[PDB]
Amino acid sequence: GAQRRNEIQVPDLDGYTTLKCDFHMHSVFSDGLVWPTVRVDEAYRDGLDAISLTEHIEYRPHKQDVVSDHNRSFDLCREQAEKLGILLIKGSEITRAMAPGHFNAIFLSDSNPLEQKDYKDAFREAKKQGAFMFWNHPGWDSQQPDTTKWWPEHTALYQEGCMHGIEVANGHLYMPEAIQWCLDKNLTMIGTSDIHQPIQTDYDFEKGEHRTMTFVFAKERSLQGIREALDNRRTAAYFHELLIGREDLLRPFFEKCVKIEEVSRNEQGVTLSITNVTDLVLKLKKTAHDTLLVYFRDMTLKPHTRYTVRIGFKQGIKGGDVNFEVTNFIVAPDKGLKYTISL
């Protein structure tokens, strides 16, 4: 081997360790285009901590050639995953017509029983295994071409205990309708690649792109750690430049992303130095404020960059709230995180 890892530099919330996970992907054992061990190589290289090779149960177009059961791609990844310190969550993709559409069952013990005639029996087996289940690409236009709706089956599934999360972001597809669903129904927001091609084929790493993924705030770096995080919705989806999650999580995360220090002060205002200590670009937009409190209208804090920020005091003011939205920290559809720097 020739092993190189590019760590994903993001912080940890107090009490938790931030794990980078991809809970949805494919190999040639379904409709994917790579041998399963490649998914392990890619995760390693990309600084991921955990993955789930979630083959389609119902869709295996290579089956005349690639002859196996539903547990086989997982089996093939185990040694590699161990050697490279990647956590491997057994899972599968229950692929059906809309509704209910496509769901992933992860933390399975056995994939085979998920092959059933009736979709309902498919979900009953996964449930029986106590699987963590989430709705995939609700918004995929192939199944919902005009509008991303919630069907009576999703309601059923959700009441049966067969929906624990929803993908709010899949590959290059962002689905805000799902954000509101997770908020209203108390579900875990998920983000995955749903990779079929080689990873490099779908992400222009050259341009600093990254695979859509999920930040999991775990009490420990183990299978159980991840599961407990997911059970408790202690996640955020990382998509392009967006980070999607509950405010109660994004707020403290943002606080860890920047190092704000008062460099100076006087009668005329305050001088700060704000440093982005992450790999994540941060985009700030001024919000309602005291007009006598003079600062930026817009501001982009690039990764690992320190900025000098002057806040002016007009008329007589001695301080105040430097208010802004972190536009790319999505706490609700079309709503970015609100933050204040009190001076």
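The first residue of the shown sequence is 1; numbering continues from there.
- Comparing 310-318 with 62-70, the higher mean C-alpha B-factor in the PDB entry belongs to 310-318.
- Taking the mean C-alpha B-factor of each stretch as recorded, 102-110 and 138-146 are not equal, and the higher mean is that of 138-146.
- Highest CA B-factor among the listed residues (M189, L76, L250, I226): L250.
- In this PDB entry, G85 carries a Cα temperature factor that places it within the middle third of its chain's modelled residues.
- In the deposited entry, the Cα temperature factor of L292 places it in the highest third of its chain's modelled residues.
- Ranked against the other modelled residues of its chain, the C-alpha B-factor of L280 as given in the entry falls in the middle third.
- For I260, the recorded CA B-factor ranks within the highest third of the chain. Only modelled residues enter the ranking.
- Looking at the C-alpha B-factors along this chain, the one for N170 belongs to the middle third.
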